[PDB]
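Here is final17.txt, consisting of compact mmCIF, C-alpha atoms and all ligand atoms:
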```txt
# COMPACT_ATOMS: atom_id res chain seq x y z
CA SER A 2 0.44 18.70 -15.35
CA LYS A 3 2.75 15.71 -15.64
CA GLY A 4 4.72 13.70 -13.10
CA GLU A 5 5.89 15.12 -9.80
CA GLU A 6 4.28 18.49 -10.48
CA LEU A 7 0.95 16.81 -9.70
CA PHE A 8 2.08 16.25 -6.11
CA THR A 9 3.37 19.65 -5.04
CA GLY A 10 0.36 20.37 -2.84
CA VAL A 11 -2.22 18.37 -0.91
CA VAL A 12 -3.87 15.82 -3.17
CA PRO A 13 -7.23 14.20 -2.39
CA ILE A 14 -7.16 10.41 -2.46
CA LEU A 15 -9.88 7.86 -3.22
CA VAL A 16 -9.26 4.16 -2.49
CA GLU A 17 -11.69 1.40 -3.55
CA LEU A 18 -11.20 -2.30 -2.91
CA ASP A 19 -13.29 -5.31 -3.94
CA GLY A 20 -12.22 -8.39 -1.97
CA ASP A 21 -12.81 -12.11 -1.64
CA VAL A 22 -10.99 -14.06 1.05
CA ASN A 23 -11.83 -17.75 1.31
CA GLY A 24 -15.13 -17.05 -0.38
CA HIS A 25 -16.00 -14.22 2.04
CA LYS A 26 -16.81 -11.28 -0.23
CA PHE A 27 -16.56 -7.64 0.85
CA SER A 28 -15.59 -4.17 -0.31
CA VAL A 29 -14.00 -1.13 1.26
CA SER A 30 -13.92 2.54 0.35
CA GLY A 31 -11.32 4.99 1.63
CA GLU A 32 -10.73 8.69 1.30
CA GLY A 33 -8.18 11.15 2.51
CA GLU A 34 -5.28 13.13 1.22
CA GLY A 35 -1.57 12.94 0.53
CA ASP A 36 1.07 15.61 0.91
CA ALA A 37 4.22 14.26 -0.74
CA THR A 38 6.24 17.27 0.28
CA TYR A 39 6.18 15.63 3.76
CA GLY A 40 5.74 12.06 2.51
CA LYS A 41 2.43 12.08 4.38
CA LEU A 42 -0.78 10.13 3.84
CA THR A 43 -3.92 10.48 5.95
CA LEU A 44 -6.76 8.09 5.10
CA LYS A 45 -9.94 6.63 6.49
CA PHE A 46 -11.31 3.30 5.28
CA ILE A 47 -14.86 2.09 5.84
CA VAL A 48 -16.11 -1.40 5.01
CA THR A 49 -19.11 -1.19 2.68
CA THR A 50 -21.29 -3.09 5.15
CA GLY A 51 -21.04 -5.37 8.19
CA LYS A 52 -17.71 -6.56 9.46
CA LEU A 53 -14.45 -6.83 7.56
CA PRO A 54 -13.55 -10.60 7.29
CA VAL A 55 -9.83 -10.05 7.81
CA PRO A 56 -7.91 -7.81 10.22
CA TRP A 57 -7.53 -4.21 9.08
CA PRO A 58 -3.74 -4.29 9.50
CA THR A 59 -3.48 -6.99 6.84
CA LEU A 60 -4.80 -4.60 4.20
CA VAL A 61 -2.60 -1.58 4.98
CA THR A 62 -0.04 -2.33 2.28
CA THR A 63 -2.75 -3.01 -0.26
CA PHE A 64 -4.65 0.22 0.49
CA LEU A 68 0.11 4.84 -2.56
CA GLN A 69 3.87 5.01 -3.01
CA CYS A 70 3.53 8.11 -5.18
CA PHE A 71 3.21 10.09 -1.97
CA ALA A 72 6.71 9.29 -0.77
CA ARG A 73 8.99 12.15 0.04
CA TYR A 74 11.97 11.81 -2.31
CA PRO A 75 14.79 14.06 -1.01
CA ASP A 76 16.15 16.79 -3.25
CA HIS A 77 19.05 14.66 -4.45
CA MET A 78 16.86 11.72 -5.42
CA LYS A 79 14.13 13.20 -7.65
CA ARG A 80 15.30 11.31 -10.71
CA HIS A 81 14.56 8.05 -8.88
CA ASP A 82 10.85 8.60 -8.25
CA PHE A 83 9.13 6.15 -10.56
CA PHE A 84 5.74 6.47 -8.94
CA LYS A 85 5.08 10.13 -9.53
CA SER A 86 6.73 10.00 -12.96
CA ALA A 87 3.98 7.71 -14.22
CA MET A 88 1.25 10.27 -13.41
CA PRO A 89 -1.34 11.14 -14.48
CA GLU A 90 -1.89 7.96 -16.48
CA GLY A 91 -0.59 5.95 -13.58
CA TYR A 92 0.57 2.44 -12.93
CA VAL A 93 -0.67 -1.04 -12.15
CA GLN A 94 0.60 -2.44 -8.84
CA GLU A 95 0.40 -6.21 -8.46
CA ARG A 96 1.25 -8.24 -5.40
CA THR A 97 1.17 -11.68 -3.93
CA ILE A 98 1.29 -11.57 -0.13
CA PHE A 99 2.11 -14.85 1.62
CA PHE A 100 1.15 -15.07 5.27
CA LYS A 101 3.56 -17.52 6.93
CA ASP A 102 1.78 -20.78 7.86
CA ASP A 103 -1.46 -19.41 6.45
CA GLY A 104 -3.13 -18.18 3.25
CA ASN A 105 -2.19 -15.61 0.62
CA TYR A 106 -3.65 -12.47 -0.96
CA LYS A 107 -3.24 -11.68 -4.66
CA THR A 108 -3.93 -8.07 -5.52
CA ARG A 109 -4.12 -5.93 -8.62
CA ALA A 110 -4.55 -2.18 -8.33
CA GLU A 111 -4.57 0.74 -10.77
CA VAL A 112 -3.22 3.94 -9.30
CA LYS A 113 -3.91 7.00 -11.41
CA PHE A 114 -5.45 10.42 -11.41
CA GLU A 115 -9.14 10.82 -12.17
CA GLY A 116 -9.54 14.57 -12.33
CA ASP A 117 -7.48 16.06 -9.50
CA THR A 118 -7.99 13.01 -7.31
CA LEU A 119 -5.40 10.26 -6.99
CA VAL A 120 -7.33 7.00 -7.12
CA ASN A 121 -6.22 3.56 -6.01
CA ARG A 122 -8.69 0.93 -7.28
CA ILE A 123 -8.00 -2.55 -6.09
CA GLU A 124 -9.14 -6.14 -6.60
CA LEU A 125 -8.06 -8.62 -3.93
CA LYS A 126 -8.43 -12.39 -3.79
CA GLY A 127 -7.33 -14.34 -0.74
CA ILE A 128 -7.20 -18.13 -0.55
CA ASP A 129 -6.22 -21.01 1.72
CA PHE A 130 -6.55 -19.12 4.98
CA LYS A 131 -7.05 -21.13 8.17
CA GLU A 132 -10.38 -20.68 9.97
CA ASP A 133 -8.54 -20.44 13.29
CA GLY A 134 -5.44 -18.73 11.97
CA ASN A 135 -4.25 -15.25 12.91
CA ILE A 136 -6.08 -13.69 9.96
CA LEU A 137 -9.54 -15.25 9.88
CA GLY A 138 -9.31 -15.57 13.65
CA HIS A 139 -8.68 -11.85 14.06
CA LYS A 140 -5.69 -12.32 16.37
CA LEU A 141 -3.62 -9.43 15.09
CA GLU A 142 -2.96 -6.32 17.18
CA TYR A 143 -4.30 -3.07 15.76
CA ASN A 144 -0.91 -1.48 15.21
CA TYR A 145 1.83 -1.38 12.63
CA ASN A 146 5.61 -1.61 12.64
CA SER A 147 8.02 0.68 10.79
CA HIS A 148 10.60 -0.51 8.31
CA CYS A 149 12.30 0.17 5.01
CA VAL A 150 11.78 -1.73 1.78
CA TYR A 151 14.22 -2.19 -1.05
CA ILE A 152 13.16 -0.69 -4.40
CA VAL A 153 14.69 -2.07 -7.57
CA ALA A 154 14.05 -1.17 -11.21
CA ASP A 155 12.70 -3.77 -13.58
CA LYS A 156 14.01 -2.34 -16.89
CA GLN A 157 12.40 -5.01 -19.02
CA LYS A 158 8.95 -4.24 -17.57
CA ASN A 159 9.67 -0.52 -17.57
CA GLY A 160 8.81 -0.48 -13.89
CA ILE A 161 9.90 -1.51 -10.43
CA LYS A 162 9.88 -4.62 -8.27
CA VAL A 163 9.85 -4.90 -4.51
CA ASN A 164 9.96 -7.90 -2.19
CA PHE A 165 9.60 -7.24 1.52
CA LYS A 166 8.09 -8.66 4.66
CA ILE A 167 5.60 -7.11 7.03
CA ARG A 168 5.71 -8.23 10.67
CA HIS A 169 2.18 -8.13 12.12
CA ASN A 170 2.20 -8.17 15.92
CA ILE A 171 0.05 -10.90 17.44
CA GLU A 172 -1.82 -10.54 20.71
CA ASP A 173 0.05 -13.50 22.21
CA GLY A 174 3.30 -11.58 21.74
CA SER A 175 4.40 -13.44 18.63
CA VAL A 176 4.49 -12.04 15.09
CA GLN A 177 2.67 -13.05 11.88
CA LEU A 178 4.91 -12.62 8.81
CA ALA A 179 3.44 -11.48 5.49
CA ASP A 180 5.90 -11.89 2.60
CA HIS A 181 5.16 -9.35 -0.12
CA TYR A 182 6.16 -9.73 -3.78
CA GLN A 183 5.37 -6.59 -5.73
CA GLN A 184 5.58 -5.42 -9.32
CA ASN A 185 4.59 -2.00 -10.72
CA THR A 186 4.11 -1.32 -14.42
CA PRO A 187 3.12 1.96 -16.09
CA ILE A 188 -0.33 2.22 -17.63
CA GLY A 189 0.59 4.53 -20.45
CA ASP A 190 3.47 4.58 -22.93
CA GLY A 191 4.93 7.83 -21.62
CA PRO A 192 8.33 8.26 -20.00
CA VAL A 193 8.89 6.97 -16.49
CA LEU A 194 11.85 7.35 -14.18
CA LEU A 195 13.48 3.96 -13.51
CA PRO A 196 15.42 4.26 -10.26
CA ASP A 197 18.80 3.12 -9.09
CA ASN A 198 18.27 0.68 -6.19
CA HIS A 199 17.20 2.48 -3.02
CA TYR A 200 15.00 2.30 0.02
CA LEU A 201 11.52 3.56 0.88
CA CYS A 202 11.08 3.85 4.64
CA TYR A 203 7.62 3.70 6.19
CA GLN A 204 6.18 4.74 9.57
CA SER A 205 2.47 4.03 10.04
CA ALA A 206 -0.07 4.53 12.78
CA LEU A 207 -3.54 2.99 12.92
CA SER A 208 -6.32 4.64 14.82
CA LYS A 209 -10.08 5.04 15.01
CA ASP A 210 -12.39 7.96 14.26
CA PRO A 211 -13.95 8.67 17.69
CA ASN A 212 -17.47 8.98 16.36
CA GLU A 213 -17.49 6.36 13.63
CA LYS A 214 -19.84 3.43 14.30
CA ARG A 215 -19.00 1.42 11.19
CA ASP A 216 -16.06 -0.97 10.99
CA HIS A 217 -13.20 1.23 9.81
CA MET A 218 -9.54 2.15 9.99
CA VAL A 219 -7.85 5.54 10.12
CA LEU A 220 -4.29 5.40 8.76
CA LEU A 221 -1.48 7.95 9.08
CA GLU A 222 1.59 7.03 7.07
CA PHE A 223 4.92 8.73 6.37
CA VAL A 224 7.07 7.43 3.55
CA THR A 225 10.57 8.72 2.86
CA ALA A 226 13.02 7.63 0.18
CA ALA A 227 16.67 7.06 1.14
CA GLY A 228 19.84 5.24 0.22
CA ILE A 229 21.29 7.32 -2.64
CA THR A 230 24.40 9.40 -2.02
CA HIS A 231 24.23 13.17 -2.50
CL CL B 1 11.46 7.00 7.95
```

How does the structure come out when it is put into structure tokens?
Amino acid sequence: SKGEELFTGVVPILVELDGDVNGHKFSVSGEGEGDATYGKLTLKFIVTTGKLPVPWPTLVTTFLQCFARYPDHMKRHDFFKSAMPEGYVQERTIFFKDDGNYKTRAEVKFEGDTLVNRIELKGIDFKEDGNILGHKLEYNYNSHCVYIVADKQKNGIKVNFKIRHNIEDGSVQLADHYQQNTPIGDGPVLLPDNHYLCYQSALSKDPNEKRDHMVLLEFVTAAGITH
């Protein structure tokens, strides 16, 4: 169908990422499903081979805002689903405080009945003994809300937010995200009034999986607009 109708049930998800951080090349494949009625995503990511060169938590935001639960009074503000099936391009620059940065470009769109998130990531200037390349981040994830704003001239949305990654020493590693989303096709899209998307995420492991991997459970709920 078109738009939100594509998300009324459980939708299989495929995620693919090709990455390069400080020359260290790697790829990751993920699969799972999203149930936007509950704003719920369940995914498992497996590195193609060997060990992932960066901490899994640092890739959570890069690895599906179309699965957010927009309340019944906010359906006209859901840009993400409105772009489906053709989809949108999501671009980000993520600056890790006192360390390197990731630049990502992803195409989120349906291929058949599967929602696919295909990503290219390039990371540069990371410190060999920093929290990222040094794998000093805790395997967990904090909750928070981000501020969504329309970008009328780009016919999309913009988002700037920070992720606080807990460090084993008790401190926190900040990752400043600058995000832009643009539709792929020339069809209509819903440009929203400013609002919030609130996330709750839990990282875990598959008990029997021997490969380097991450299981992610995420709930995303839109808020901020008056009834
Ligand atoms: Cl929430």

May I have the residues within 9 Å of segment 5-7 of chain A as a PyMOL selection string, using only C-alpha atoms and disregarding those fewer than 2 positions away in the same chain?
chain A and resi 2-3+9-10+12+70+79+82+84-89+117

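Counting from atom CA of residue 104 of chain A, the distance to atom CA of residue 129 of chain A is 4.5 Å.
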
Would you give me, as JSON lines, each residue of chain A having an atom within 6 Å of an atom of ligand CL 1 (chain B), along with its shortest atom pair and that distance in Å to one decimal, using all atoms listed in the file and sorting by chain and residue number?
```
{"residue": "A:202", "atom": "CA", "partner": "B:CL1", "partner_atom": "CL", "distance": 4.6}
{"residue": "A:203", "atom": "CA", "partner": "B:CL1", "partner_atom": "CL", "distance": 5.4}
{"residue": "A:204", "atom": "CA", "partner": "B:CL1", "partner_atom": "CL", "distance": 6.0}
{"residue": "A:225", "atom": "CA", "partner": "B:CL1", "partner_atom": "CL", "distance": 5.4}
```

Residues near residue 22 of chain A, anyone? I mean within 12 Å using all atoms listed in the file, not counting same-chain ones fewer than 5 positions away, as JSON, numbers by chain.
{"A": [27, 28, 53, 54, 55, 56, 59, 60, 104, 105, 106, 107, 108, 124, 125, 126, 127, 128, 129, 130, 131, 132, 136, 137]}

Between atom CA of residue 93 of chain A and atom CA of residue 39 of chain A, distance in Å (one decimal):
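Pair atom CA of residue 93 of chain A / atom CA of residue 39 of chain A returns 24.0 Å.
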